[PDB]
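S.K.: Sharing a structure below in structure tokens format, with a few things to ask.
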Amino acid sequence: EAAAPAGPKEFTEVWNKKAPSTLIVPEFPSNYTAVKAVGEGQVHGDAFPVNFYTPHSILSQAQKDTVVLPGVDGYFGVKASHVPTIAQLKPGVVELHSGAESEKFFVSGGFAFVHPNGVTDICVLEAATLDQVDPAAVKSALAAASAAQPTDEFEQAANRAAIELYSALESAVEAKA
Amino acid sequence: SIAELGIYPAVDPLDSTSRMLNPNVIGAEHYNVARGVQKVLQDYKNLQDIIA
Amino acid sequence: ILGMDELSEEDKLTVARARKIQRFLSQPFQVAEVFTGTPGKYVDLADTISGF
Amino acid sequence: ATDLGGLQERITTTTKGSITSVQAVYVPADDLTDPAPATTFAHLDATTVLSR
Amino acid sequence: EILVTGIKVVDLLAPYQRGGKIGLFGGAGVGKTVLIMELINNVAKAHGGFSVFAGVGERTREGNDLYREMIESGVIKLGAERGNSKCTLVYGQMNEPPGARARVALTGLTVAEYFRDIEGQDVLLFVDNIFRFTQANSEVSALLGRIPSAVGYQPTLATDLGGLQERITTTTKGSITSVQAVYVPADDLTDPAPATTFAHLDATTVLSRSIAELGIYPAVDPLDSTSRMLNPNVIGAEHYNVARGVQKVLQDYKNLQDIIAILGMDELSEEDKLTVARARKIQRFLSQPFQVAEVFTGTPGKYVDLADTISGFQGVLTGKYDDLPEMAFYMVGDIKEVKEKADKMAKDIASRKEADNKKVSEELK
Amino acid sequence: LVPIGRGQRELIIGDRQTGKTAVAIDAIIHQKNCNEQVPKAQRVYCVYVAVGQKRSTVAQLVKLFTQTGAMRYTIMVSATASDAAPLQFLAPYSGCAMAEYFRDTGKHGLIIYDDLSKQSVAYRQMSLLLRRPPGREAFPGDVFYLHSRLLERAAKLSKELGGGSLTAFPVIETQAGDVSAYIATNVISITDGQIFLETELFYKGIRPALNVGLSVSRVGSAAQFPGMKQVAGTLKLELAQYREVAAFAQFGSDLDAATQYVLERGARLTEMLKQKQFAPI
Amino acid sequence: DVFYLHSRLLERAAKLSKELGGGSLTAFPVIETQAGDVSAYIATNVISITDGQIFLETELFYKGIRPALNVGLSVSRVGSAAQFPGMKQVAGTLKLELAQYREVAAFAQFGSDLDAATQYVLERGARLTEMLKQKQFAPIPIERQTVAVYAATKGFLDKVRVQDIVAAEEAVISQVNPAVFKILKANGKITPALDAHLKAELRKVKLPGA
Amino acid sequence: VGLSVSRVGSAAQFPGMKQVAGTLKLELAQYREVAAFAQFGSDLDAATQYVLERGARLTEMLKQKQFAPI
Amino acid sequence: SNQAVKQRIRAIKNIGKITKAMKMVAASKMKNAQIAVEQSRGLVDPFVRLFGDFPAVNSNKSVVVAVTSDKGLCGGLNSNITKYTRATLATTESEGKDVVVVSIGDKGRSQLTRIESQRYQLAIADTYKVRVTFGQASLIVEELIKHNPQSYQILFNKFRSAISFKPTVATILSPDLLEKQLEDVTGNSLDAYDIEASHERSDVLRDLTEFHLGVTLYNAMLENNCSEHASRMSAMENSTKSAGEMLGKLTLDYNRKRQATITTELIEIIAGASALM
Ligand SMILES: Nc1ncnc2c1ncn2[C@@H]1O[C@H](COP(=O)(O)OP(=O)(O)OP(=O)(O)O)[C@@H](O)[C@H]1O
Ligand SMILES: Nc1ncnc2c1ncn2[C@@H]1O[C@H](COP(=O)(O)OP(=O)(O)O)[C@@H](O)[C@H]1O
Ligand SMILES: [Mg+2]
Ligand SMILES: [Mg+2]
């Protein structure tokens with residue numbers, strides 16, 4: 001079960017005994033990250049590290065005390081020493097509270113991990129916040145998403161993803177403060 | 001240099017001149033073609049220090 | 001090619017000292033005061049060594 | 001060298017006074033090893049370059 | 001018939017004829033006197049015939065050095081056993097007026113011509129700076145009231161040089177192996193005094209200044225030195241093929257010099273940068289420590305046999321030695337000494353010993 | 001590439017030790033090999049004029065021509081370097097007059113003036129000592145006429161005068177590829193073609209080291225063997241493509257598959273024209 | 001006859017035989033080149049007359065290296081058997097380490113990589129260069145030269161910062177016991193009894209900066 | 001325009017031309033500096049492309065036809 | 001001879017303008033591609049703390065990826081990771097596995113088939129022409145999972161600074177084919193996480209490994225693109241420097257030939273006049 005201890009510690013061994021000596025051992029992405037998942041600490045009470053990520057942006061590196069994430073089984077909330085959870089997110093709004101103030105981003109869907117040291121990693125693709133969405137072209141798109149039922153299952157799945165994204169973007173644009 | 005490209009007659013287009021290259025003499029629609037040809041070939045000669 | 005804030009702060013001080021050296025090498029001339037108004041200034045050597 | 005030397009060797013400091021000559025130097029073909037500047041520069045003790 | 005000199009670049013790329021006219025071209029400190037002394041030390045000691053050194057327009061210090069060095073070697077004996085000497089020196093050095101330097105090569109030629117014609121044997125004629133004959137006639141001919149020729153030389157340059165050089169030949173009655181150093185003015189080979197000398201010589205050895213500035217000594221340009229012995233019907237098939245392969249690698253590297261200069265080494269093809277590496281190997285391997293240079297270098301001199309040169313350069317050409325560094329080839333004898341120097345310089349990067357091995361701290365009395 | 005007719009003047013111009021005398025010697029040895037297979041009205045009698053060479057080189061060539069068998073057709077007029085400057089000046093005219101016997105009797109001649117530069121040097125000496133005023137590179141004024149009145153004697157005669165021919169191969173040595181020198185430009189101007197050899201192609205292994213761009217033959221393909229003409233326009237055209245898509249062949253990374261076929265095809269053709277010496281095909 | 005102008009002149013600089021006196025004349029002809037062109041006519045004339053050559057570089061002269069000796073070109077095949085035997089054994093190490101410093105800085109100017117052994121000989125050769133600087137009109141005796149070359153090639157001047165070596169080789173000569181230079185001048189040679197002693201007196205040297 | 005000099009034209013031209021020609025010859029001094037640089041027009045800074053377009057405007061502005069002086 | 005030097009001078013003087021221009025162009029591209037790279041650097045971290053970093057795995061099928069440049073004026077960057085991908089293919093291949101080699105950039109297909117021709121199966125290129133996006137990196141990822149391997153190795157040059165580009169190897173494992181097997185530590189290291197997926201853990205790990213491969217491919221070919229721009233800016237500044245030095249030596253030699261020409265024709269005119277007068 002644990003019979004192959006791979007890793008950057010041990011790749012150095014098999015590489016140094018088999019690669020030419022003019023090349024030093026190549027780097028690895030674990031050498032560039034400081035924060036691991038099973039290690040000790042990084043909770044300290046109420047506010048835990050939240051890392052909000054898209055491929056094209058970093059939206060939050062700050063410490064938050066609660067996060068409201070839109071999982072595929074409903075909007076759940078992440079408090080400080082929350083249970084470790086790999087949560088697939090559906091289209092919904094992500095609320096990063098710190099107190100009275102909070103940042104509400106509507107995201108497109110993509111996972112959010114909570115780690116055994118309390119590190120929470122929201123990893124979405126497109127996080128289009130609520131004050132930059134228009135409320136007019138959403139109905140113009142879900143009208144065609146409601147109407148079009150093709151013969152193929154592929155565009156069927158695309159239309160189902162379309163309606164589950166646009167319908168959730170409906171519910172979070174009229175009921176905003 | 002025109003000749004080892006194989007082009008015959010190896011007349012340099014950007015060195016051959018005539019006093020018959022007035023717009024008054026051969027008309028404007030011939031002179032504009034000749035001036036455009038020389039302009040295009042000179043700009044290609046400028047671009048040859050990149051595209052070679 | 002990169003920018004003014006690209007380099008360090010000691011490079012900022014090298015830029016500042018050299019820009020006030022480049023202006024301090026300038027001098028109003030006594031012969032040119034007839035067409036520039038401002039009087040010219042004969043600077044001694046003991047003053048420019050100390051000033052720089 | 002002998003004509004330039006016979007000119008430039010009369011510009012010295014004697015015991016009675018001195019002549020200090022400021023000479024405008026033209027460099028032919030922008031070539032500092034041409035014999036007129038290369039013979040003239042053997043006599044110069046300072047250069048004052050006025051740049052645009 | 002070939003004359004094996006022990007010099008790798010000479011024996012490979014421009015082999016000397018035993019009985020032919022040999023020219024060492026180069027100007028002002030490229031090494032055509034150290035080449036002529038290495039040729040004396042290698043050829044003249046293993047010759048059997050007589051030698052004539054005709055010093056035409058050279059340093060008097062060098063002539064005294066050769067005279068004392070030939071007394072130490074027994075080539076010149078003094079006094080009662082003088083007749084067992086093997087060399088005649090004829091010296092017309094550069095302190096002499098231009099009538100003497102213009103005619104001392106003829107005196108040395110006559111001393112060689114007597115041994116060739118009357119004694120009937122094979123001799124060596126080493127003429128240091130045959131250019132000084134041309135120059136001394138050029139100094140005289142300004143005052144003989146003549147119109148000058150090109151660059152400033154006499155009108156009778158080619159015929160004076162020809163009538164001197166056409167006497168230095170092998171005949172049916174004897175042999176003269178002629179090694180003449182030729183100075184080039186301002187490092188210009190198109191000067192008429194070297195360009196006229198080029199036609200009278202069988203083996204040409206052009207020493208260039210930039211190759212000397214690269215540290216490669218003897219600074220023989222391999223792409224400008226030629227021989228009439230470089231012929232597959234004279235030296236063999238594999239020797240001629242190895243020589244042409246070395247010259248092909250060096251020419252292909254010379255054609256890559258501009259883009260290596262302005263774009264960098266990192267933008268050639270793979271076969272191009274294999275050619276560049278093999279050429280940088282065979283440029284260093286053509287250099288050699290001389291036994292007459294061991295007093296001002298510190299390296300022992302390395303006589304290389306001709307078969308050793310052919311075998312080593314065939315090894316570098318086929319690709320047996322793509323693994324060694326470049327400086328393994330610099331100033332070595334042959335293909336064994338490149339491997340010896342490779343382990344000598346790769347034990348050197350591992351050469352770190354403990355405790356500094358003092359045994360000096362308070363040595364007792 | 002540079003086809004040569006009976007009666008034209010083809011310059012062999014190059015640097016030193018590039019293959020000029022080699023092309024000349026191959027041209028003579030091949031006429032020996034051809035004179036056995038043709039009738040007596042088709043034979044070519046060679047004349048080799050050695051101006052300013054050594055006696056050793058000329059003795060070497062005579063030994064070579066006797067071992068091949070070319071001396072039953074070859075005259076050698078040798079004014080070597082020890083000879084007087086008037087002899088080296090008059091030796092091309094002497095050799096051409098000995099070759100004009102074949103032009104004038106309806107036979108065919110092949111005259112090779114090796115080192116015509118050395119004939120110009122001998123003429124310069126002979127004219128500077130006669131106090132004639134020098135000119136460019138201290139040459140006389142009539143150093144063009146010296147060579148034009150010699151090279152114009154190589155002609156293909158009409159059938160009234162016998163139909164004879166004289167083919168001249170003057171040899172001009174340049175200085176580091178400088179064909180802008182005085183005698184080089186004069187003899188380039190006089191002769192019909194030129195066979196320009198390079199010292200950079202010579203060390204690429206390309207032997208004979210012929211610069212296929214600068215080598216011209218102004219008789220054209222009108223004096224070419226048929227069949228060789230059927231392949232020669234193609235060979236010229238692919239070599240012309242291989243020359244021009246080169247100066248990019250250093251970047252062998254990007255395979256383009258249209259230029260790369262042209263490059264390796266021209267490599268096949270360039271390796272084809274290599275040739276060992278003293279064996280004409 | 002402009003070659004004969006100088007060869008008639010510079011051949012009179014001789015070392016005579018014992019039968020003529022043993023007297024000597026040492027010449028120093030000076031040639032001014034134009035753009036570093038040592039392939040001029042008069043320059044190549046005298047290069048083929050003189051024994052050695054001291055080539056003074058104009059780009060070394062503006063980088064502060066004075067006397068701006070081009071160590072690669074500067075040759076002297078006549079003084080080798082004519083150097084101080086104490087200097088001959090310590091500056092045989094100096095010119096070879098300056099050779100490697102000339103090989104490293106002529107290729108590794110790009111800032112490609114530090115091989116950390118060629119990087120050692122770059123700031124070793126920078127120390128030998130700064131040790132070879134000299135002020136004007138202040139010649140040094142040959143014994144106070146070959147100790148400063150001993151102090152640098154034997155690594156006693158190592159890890160002194162390169163802008164201290166002008167002040168540091170003045171610290172070496174000032175603090176080493178002046179009886180050291182008297183033994184070295186008289187033997188002409190760093191004897192085995194002296195380099196063991198001179199290594200000691202270099203460890204007791206207050207180098208600047210520590 | 002870079003190699004042609006007139007050492008009189010300081011206060012020897014038309015004043016309405018002198019109001020404008022200083023700017024015209026200083027705009028062309030930047031265009032001759034950046035012109036042979038950015039022969040390609042692909043990946044360009046928004047300051048260098050502006051003086052390139054201005055220099056290309058002035059260059060076509062200065063050219064005139066023969067036997068019709070203005 | 002004295003005219004060809006005047007044309008060589010103008011050629012080198014123009015090369016010293018073209019290379020300075022594209023040095024400035026590569027600098028302008030590098031300063032705005034660094035912005036996208038250090039923003040893309042974030043999302044790779046949760047996967048390398050959730051899935052670890054296991055390069056030396058016992059995959060029986062691998063896909064190596066060498067992320068090279070498209071324009072080939074970079075200066076030893078593309079051959080550096082060619083050396084690294086022939087070093088890592090001589091690190092995992094010791095057990096008889098199948099390896100597929102793909103490359104991103106035209107300098108990869110021209111330098112990978114020279115070292116290895118049979119395992120190379122795909123060439124992605126023209127990536128950096130418009131820009132590099134995540135839909136493009138995910139399309140490349142889907143064409144990588146057209147094969148069914150148990151590991152993926154990405155080779156790229158990571159933009160540490162404008163001077164240093166450390167070649168990073170990045171590894172992704174197939175979900176329960178190798179990822180669930182490499183986590184079994186007397187039990188599992190992944191059982192601490194509570195899966196909140198719509199389906200079971202194998203499906204969420206399949207989706208997670210596809211998303212991880214996409215984000216490391218996007219970050220890999222962003223880091224390599226801007227390190228390509230930095231090595232071009234540094235490689236055209238050692239090029240314009242050498243083209244200024246070559247131009248300086250050419251101008252000095254041209255001036256020597258100019259002076260020698262004027263003296264030569266003057267001496268010939270004087271000789272011709274003294275031969276008469
Ligand atoms: N096709 C060839 N194949 C092999 N070797 C050749 C070929 N052509 C010439 N060579 C060799 O190259 C050298 C060329 O010398 P060549 O006979 O050309 O003298 P040259 O150039 O006419 O006159 P000079 O000797 O004055 O330079 C000779 O050694 C010859 O053997
Ligand atoms: N074979 C050689 N090996 C090493 N250095 C050499 C060699 N030949 C010359 N040198 C160096 O170049 C100088 C010139 O040598 P020399 O043969 O006297 O040249 P030349 O006679 O052409 O002036 C020597 O003093 C030495 O410093
Ligand atoms: Mg000498
Ligand atoms: Mg010949």
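Going by the structure tokens order, chains are called A, B, ..., each with residues numbered from 1, while ligands are numbered from 1 in the order shown.
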Residues within 12 Å of residue 141 of chain G, please, as a PyMOL selection string. Count only C-alpha atoms; anything in the same chain fewer than 6 positions from it doesn't count.

M.R.: chain G and resi 84+87+147-148+173+181-182+184-185

S.K.: So that I can check the surroundings of segment 32-46 of chain H, please list as number ranges by chain every protein, DNA and RNA residue that reaches within 9 Å of it, counting only C-alpha atoms and ignoring chain neighbours fewer than 5 positions away.

M.R.: B: 46-47, 50; H: 2, 27, 51-52, 55; I: 14, 17-22, 25-26, 28-29

S.K.: Identify all chain I residues at most 8 Å from chain C by counting only C-alpha atoms; ligands do not count. Present them as a list in words.

M.R.: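 Interface list for chain I against chain C: residues 24, 27, 28 and 31 of chain I.
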
S.K.: Keeping C-alpha atoms for every residue in the selection just given, could you write it to a file as an mmCIF file, in the first residue's frame?

M.R.:
data_model
loop_
_atom_site.group_PDB
_atom_site.id
_atom_site.type_symbol
_atom_site.label_atom_id
_atom_site.label_comp_id
_atom_site.auth_asym_id
_atom_site.auth_seq_id
_atom_site.Cartn_x
_atom_site.Cartn_y
_atom_site.Cartn_z
ATOM 1 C CA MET I 24 13.024 46.443 -26.215
ATOM 2 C CA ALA I 27 11.219 43.660 -22.544
ATOM 3 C CA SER I 28 7.758 45.120 -23.143
ATOM 4 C CA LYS I 31 6.905 43.149 -18.203
#

S.K.: Among chain B, which residues does DSSP mark as alpha helix (DSSP H) when it is run on the backbone? Keep the chain and numbering as in the structure and answer as a ChimeraX atom specification.

M.R.: /B:28-51

S.K.: Take the residues just selected and output them with N, CA and C atoms as a CSV table (one decimal), in the first residue's frame.

M.R.:
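What landed in out06.csv:
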chain,number,residue,atom,x,y,z
B,28,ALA,N,0.3,60.2,-66.6
B,28,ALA,CA,0.3,59.9,-65.1
B,28,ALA,C,0.1,58.5,-64.8
B,29,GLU,N,-0.7,57.8,-65.6
B,29,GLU,CA,-1.1,56.4,-65.3
B,29,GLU,C,0.0,55.4,-65.6
B,30,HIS,N,1.0,55.8,-66.3
B,30,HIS,CA,2.2,55.0,-66.5
B,30,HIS,C,3.3,55.3,-65.4
B,31,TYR,N,3.4,56.6,-65.1
B,31,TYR,CA,4.4,57.1,-64.1
B,31,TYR,C,4.0,56.6,-62.7
B,32,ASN,N,2.7,56.5,-62.5
B,32,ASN,CA,2.3,56.1,-61.1
B,32,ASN,C,2.5,54.6,-61.0
B,33,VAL,N,2.4,53.8,-62.0
B,33,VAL,CA,2.7,52.4,-62.0
B,33,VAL,C,4.2,52.2,-61.8
B,34,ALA,N,5.1,53.0,-62.5
B,34,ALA,CA,6.5,52.9,-62.3
B,34,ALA,C,7.0,53.3,-60.9
B,35,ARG,N,6.4,54.4,-60.4
B,35,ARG,CA,6.8,54.9,-59.1
B,35,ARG,C,6.3,53.9,-58.0
B,36,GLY,N,5.1,53.3,-58.2
B,36,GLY,CA,4.7,52.3,-57.2
B,36,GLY,C,5.5,51.1,-57.2
B,37,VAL,N,6.0,50.7,-58.4
B,37,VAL,CA,6.9,49.5,-58.5
B,37,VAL,C,8.2,49.8,-57.8
B,38,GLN,N,8.8,51.0,-58.0
B,38,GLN,CA,10.0,51.3,-57.4
B,38,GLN,C,9.8,51.5,-55.9
B,39,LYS,N,8.7,52.0,-55.4
B,39,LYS,CA,8.4,52.1,-54.0
B,39,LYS,C,8.3,50.8,-53.3
B,40,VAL,N,7.6,49.8,-54.0
B,40,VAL,CA,7.4,48.5,-53.5
B,40,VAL,C,8.8,47.7,-53.4
B,41,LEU,N,9.6,47.9,-54.4
B,41,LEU,CA,10.9,47.2,-54.5
B,41,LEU,C,11.9,47.8,-53.5
B,42,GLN,N,11.8,49.1,-53.3
B,42,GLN,CA,12.7,49.7,-52.3
B,42,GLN,C,12.3,49.3,-50.9
B,43,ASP,N,11.0,49.2,-50.6
B,43,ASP,CA,10.6,48.8,-49.3
B,43,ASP,C,10.9,47.3,-49.0
B,44,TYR,N,10.9,46.5,-50.1
B,44,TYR,CA,11.3,45.1,-49.9
B,44,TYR,C,12.8,45.1,-49.7
B,45,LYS,N,13.6,45.9,-50.3
B,45,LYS,CA,15.0,46.0,-50.0
B,45,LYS,C,15.3,46.4,-48.6
B,46,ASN,N,14.4,47.3,-48.0
B,46,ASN,CA,14.5,47.6,-46.6
B,46,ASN,C,14.1,46.5,-45.7
B,47,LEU,N,13.1,45.7,-46.1
B,47,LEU,CA,12.7,44.6,-45.3
B,47,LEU,C,13.6,43.4,-45.4
B,48,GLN,N,14.5,43.3,-46.4
B,48,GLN,CA,15.4,42.2,-46.5
B,48,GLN,C,16.4,42.0,-45.4
B,49,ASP,N,16.7,43.1,-44.6
B,49,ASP,CA,17.6,42.9,-43.5
B,49,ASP,C,16.9,42.3,-42.3
B,50,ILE,N,15.6,42.1,-42.3
B,50,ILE,CA,14.9,41.3,-41.4
B,50,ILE,C,14.5,39.9,-41.9
B,51,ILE,N,13.9,39.9,-43.1
B,51,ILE,CA,13.3,38.7,-43.6
B,51,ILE,C,14.3,37.7,-44.3

S.K.: Please return as a PyMOL selection string: the residues of segment 19-251 of chain I that backbone DSSP assigns to strand (DSSP E).

M.R.: chain I and resi 61-67+98-104+120-124+151-159+165-173

S.K.: Please dump the current selection as a compact mmCIF listing (two decimals), in the first residue's frame; keep N, CA, C and O atoms.

M.R.:
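Saved file selection.txt follows:
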# COMPACT_ATOMS: atom_id res chain seq x y z
N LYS I 61 2.44 3.79 -17.52
CA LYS I 61 2.27 4.60 -18.71
C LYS I 61 2.43 6.05 -18.32
O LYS I 61 1.84 6.51 -17.35
N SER I 62 3.25 6.77 -19.08
CA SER I 62 3.54 8.16 -18.77
C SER I 62 3.33 9.00 -20.02
O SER I 62 3.42 8.52 -21.14
N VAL I 63 3.03 10.27 -19.79
CA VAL I 63 3.03 11.28 -20.83
C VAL I 63 3.95 12.38 -20.34
O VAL I 63 3.66 13.03 -19.34
N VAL I 64 5.08 12.55 -21.01
CA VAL I 64 5.95 13.66 -20.68
C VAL I 64 5.60 14.80 -21.62
O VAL I 64 5.08 14.60 -22.72
N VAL I 65 5.77 16.02 -21.13
CA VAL I 65 5.48 17.22 -21.89
C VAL I 65 6.68 18.14 -21.75
O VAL I 65 7.10 18.45 -20.63
N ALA I 66 7.23 18.58 -22.87
CA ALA I 66 8.31 19.55 -22.88
C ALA I 66 7.74 20.86 -23.41
O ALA I 66 7.36 20.94 -24.58
N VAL I 67 7.67 21.87 -22.55
CA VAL I 67 7.02 23.13 -22.89
C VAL I 67 8.11 24.08 -23.39
O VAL I 67 8.84 24.68 -22.60
N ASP I 98 5.38 2.34 -21.06
CA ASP I 98 5.07 3.11 -22.26
C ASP I 98 5.17 4.59 -21.95
O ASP I 98 4.63 5.06 -20.95
N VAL I 99 5.86 5.33 -22.81
CA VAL I 99 6.01 6.77 -22.66
C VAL I 99 5.51 7.43 -23.94
O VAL I 99 5.89 7.02 -25.04
N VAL I 100 4.63 8.41 -23.80
CA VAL I 100 4.24 9.29 -24.89
C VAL I 100 4.93 10.62 -24.65
O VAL I 100 4.95 11.12 -23.52
N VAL I 101 5.53 11.18 -25.69
CA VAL I 101 6.17 12.48 -25.61
C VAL I 101 5.38 13.46 -26.46
O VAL I 101 5.13 13.20 -27.64
N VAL I 102 4.94 14.55 -25.85
CA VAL I 102 4.34 15.66 -26.59
C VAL I 102 5.17 16.89 -26.28
O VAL I 102 5.98 16.91 -25.35
N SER I 103 4.98 17.94 -27.08
CA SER I 103 5.72 19.17 -26.88
C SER I 103 4.85 20.37 -27.23
O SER I 103 4.09 20.33 -28.19
N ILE I 104 5.00 21.43 -26.46
CA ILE I 104 4.31 22.69 -26.71
C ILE I 104 5.35 23.69 -27.18
O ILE I 104 6.21 24.11 -26.40
N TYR I 120 7.68 10.08 -29.35
CA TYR I 120 7.10 11.38 -29.64
C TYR I 120 5.87 11.20 -30.51
O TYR I 120 5.96 10.68 -31.62
N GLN I 121 4.72 11.65 -30.01
CA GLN I 121 3.47 11.38 -30.69
C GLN I 121 2.60 12.59 -30.99
O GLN I 121 1.60 12.43 -31.70
N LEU I 122 2.93 13.78 -30.50
CA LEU I 122 2.04 14.92 -30.65
C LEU I 122 2.84 16.21 -30.55
O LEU I 122 3.78 16.29 -29.77
N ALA I 123 2.47 17.20 -31.35
CA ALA I 123 3.14 18.48 -31.37
C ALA I 123 2.10 19.58 -31.29
O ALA I 123 1.37 19.82 -32.26
N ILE I 124 2.03 20.26 -30.15
CA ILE I 124 1.19 21.44 -29.99
C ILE I 124 2.07 22.64 -30.29
O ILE I 124 3.19 22.73 -29.80
N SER I 151 0.35 8.68 -15.33
CA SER I 151 1.05 9.85 -14.84
C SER I 151 1.21 10.85 -15.98
O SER I 151 1.07 10.50 -17.16
N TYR I 152 1.49 12.09 -15.62
CA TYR I 152 1.81 13.15 -16.56
C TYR I 152 2.98 13.94 -15.99
O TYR I 152 2.95 14.33 -14.83
N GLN I 153 3.99 14.19 -16.81
CA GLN I 153 5.14 14.97 -16.41
C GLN I 153 5.24 16.19 -17.29
O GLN I 153 5.33 16.07 -18.52
N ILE I 154 5.23 17.37 -16.68
CA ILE I 154 5.34 18.63 -17.40
C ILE I 154 6.74 19.16 -17.17
O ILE I 154 7.22 19.17 -16.03
N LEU I 155 7.40 19.59 -18.23
CA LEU I 155 8.73 20.19 -18.15
C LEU I 155 8.63 21.62 -18.65
O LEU I 155 8.21 21.85 -19.79
N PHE I 156 9.04 22.57 -17.82
CA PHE I 156 8.96 23.97 -18.19
C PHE I 156 10.01 24.75 -17.42
O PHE I 156 10.57 24.27 -16.44
N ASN I 157 10.27 25.96 -17.89
CA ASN I 157 11.23 26.87 -17.28
C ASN I 157 10.47 27.87 -16.43
O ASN I 157 9.67 28.64 -16.95
N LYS I 158 10.71 27.85 -15.13
CA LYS I 158 9.94 28.70 -14.23
C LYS I 158 10.63 30.04 -14.03
O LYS I 158 11.80 30.10 -13.68
N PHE I 159 9.86 31.11 -14.21
CA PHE I 159 10.35 32.49 -14.16
C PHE I 159 10.63 32.89 -12.72
O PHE I 159 9.82 33.55 -12.08
N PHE I 165 15.96 31.15 -14.51
CA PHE I 165 14.81 30.38 -14.99
C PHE I 165 15.07 28.93 -14.60
O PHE I 165 15.69 28.19 -15.36
N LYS I 166 14.60 28.54 -13.43
CA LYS I 166 14.85 27.19 -12.95
C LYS I 166 13.93 26.22 -13.67
O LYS I 166 12.71 26.41 -13.65
N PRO I 167 14.46 25.18 -14.32
CA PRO I 167 13.61 24.24 -15.04
C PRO I 167 12.88 23.32 -14.07
O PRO I 167 13.49 22.48 -13.41
N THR I 168 11.56 23.47 -14.02
CA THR I 168 10.71 22.77 -13.07
C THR I 168 10.05 21.58 -13.75
O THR I 168 9.56 21.71 -14.87
N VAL I 169 10.07 20.43 -13.09
CA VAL I 169 9.28 19.28 -13.52
C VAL I 169 8.06 19.17 -12.62
O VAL I 169 8.15 19.36 -11.40
N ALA I 170 6.89 18.99 -13.23
CA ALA I 170 5.62 18.99 -12.53
C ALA I 170 4.87 17.71 -12.86
O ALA I 170 4.75 17.34 -14.03
N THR I 171 4.33 17.05 -11.83
CA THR I 171 3.77 15.72 -11.98
C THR I 171 2.30 15.69 -11.57
O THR I 171 1.89 16.37 -10.62
N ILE I 172 1.51 14.93 -12.33
CA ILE I 172 0.09 14.70 -12.09
C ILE I 172 -0.13 13.20 -12.24
O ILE I 172 0.42 12.59 -13.15
N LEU I 173 -0.94 12.61 -11.36
CA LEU I 173 -1.23 11.19 -11.41
C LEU I 173 -2.68 10.95 -11.82
O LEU I 173 -3.55 11.77 -11.53

S.K.: What residues in chain I have any atom no more than 12 Å from chain F when counting only C-alpha atoms, and can you write them as a PyMOL selection string?

M.R.: chain I and resi 1-4+70-73+78-79+105-114+261+264-277

S.K.: Using only C-alpha atoms, what table do you get, as a Markdown table, when you list each residue of chain D with an atom no more than 10 Å from chain I, its nearest pair of atoms, and their distance in Å rounded to one decimal, rows by chain then rising number?

M.R.:
| residue | atom | partner | partner_atom | distance |
| --- | --- | --- | --- | --- |
| D:29 | CA | I:255 | CA | 8.7 |
| D:30 | CA | I:255 | CA | 9.3 |
| D:31 | CA | I:255 | CA | 6.8 |
| D:32 | CA | I:255 | CA | 9.4 |
| D:33 | CA | I:255 | CA | 8.2 |
| D:34 | CA | I:259 | CA | 7.5 |
| D:35 | CA | I:259 | CA | 9.4 |

S.K.: Show me, as a list in words, the residues that have an atom within 10 Å of residue 35 of chain I when counting only C-alpha atoms, minus same-chain residues fewer than 3 positions from it.

M.R.: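 Near neighbours after the sequence-gap exclusion: residues 56 and 57 of chain A; 30, 31, 32, 38, 39, 40 and 226 of chain I.
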